[PDB]
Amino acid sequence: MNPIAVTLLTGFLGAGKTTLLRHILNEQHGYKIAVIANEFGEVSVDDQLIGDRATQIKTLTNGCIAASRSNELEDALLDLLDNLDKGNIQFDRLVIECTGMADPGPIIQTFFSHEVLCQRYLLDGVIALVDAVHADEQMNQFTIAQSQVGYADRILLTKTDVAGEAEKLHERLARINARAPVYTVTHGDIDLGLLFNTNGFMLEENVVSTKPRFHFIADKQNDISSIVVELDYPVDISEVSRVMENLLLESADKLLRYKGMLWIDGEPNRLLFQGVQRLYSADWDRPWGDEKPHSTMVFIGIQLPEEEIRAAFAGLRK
């Protein structure tokens, strides 16, 4: 068995998504993709079936699959599995549209809700589409516009050609999400392949992509931000375990995503961790070797108590 790679496509509504979704559903791009979305529009349908849980599953002419969703995403996920195993449909990538006002959080959690889903589906990454022209206005008005960026493993920034100076926006995206690289497509369309193989849900040693700079006045502009913590000292495995558990429990409803690499006292291998809201996990990785040991952590969330968080880790110092 090979796990189905799941991509979440998020961002505020725009014509850019439509062009991308149209390409997936219509062209002969060679990908075997199942798409879950609210509306599909004018698409060439080969066949159509209804799952045991009432999921409307259409097989398209290009070989891809278009599946509707109800309020329970589990039902679509399970109906897709049933019909895959029955040989009714064939796919190895799942793309879920969660644009507009959708919160990527509950969608991610669905994939960890049941053992069958944990085994048969494997989250690839969260892709955030960002319109350079309207992003600032959208993020100022709606918290969720920032949250979608905060959940992202990869940010696709479009329309910078017409928006003008993109850097002010580039800096804001980095303050919100210090994890995710920002891809700025100036000429041409978004390549479909840029949605895939982000490795966003694997343990990483390089948890920060855009190293934070010093801009105190503008750093407190967003409600969702990244806290980057760097330690040049090792910590006790029992102690840091307590700190994390207290931290995560304290800001449970505030935390979107968080990842880290830890220098553990007396241990020659890196300790990596990652989490989404309440769900977190950790494991050992590459040995330090000749590389200088250190800890790097990034916490992305809303109204996080940065002061307390930094103090908590500071107290781990002997």
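One rule holds for the numbers: they count along the sequence shown, beginning at 1.
- Between the stretches 237-245 and 175-183, it is 237-245 that shows the larger average CA temperature factor.
- As listed in the deposited structure, the average C-alpha B-factor of 150-158 and of 164-172 is greater for 164-172.
- Out of 268, 275, 51, 260, the entry records its largest CA B-factor for 268.
- Looking at 9, 297, 300, 13, the one whose CA carries the top B-factor in the deposited record is 13.
- For residue 221, the recorded CA temperature factor ranks within the highest third of the chain's modelled residues.
- Ranked against the other modelled residues of its chain, the C-alpha B-factor of residue 76 as given in the entry falls in the lowest third.
- Compared with the other modelled residues of the chain, the Cα B-factor recorded for residue 45 ranks in the highest third.
- Looking at the C-alpha B-factors along this chain, the one for residue 314 belongs to the highest third.
- In the PDB entry, residue 212 places in the highest third of its chain by CA B-factor.
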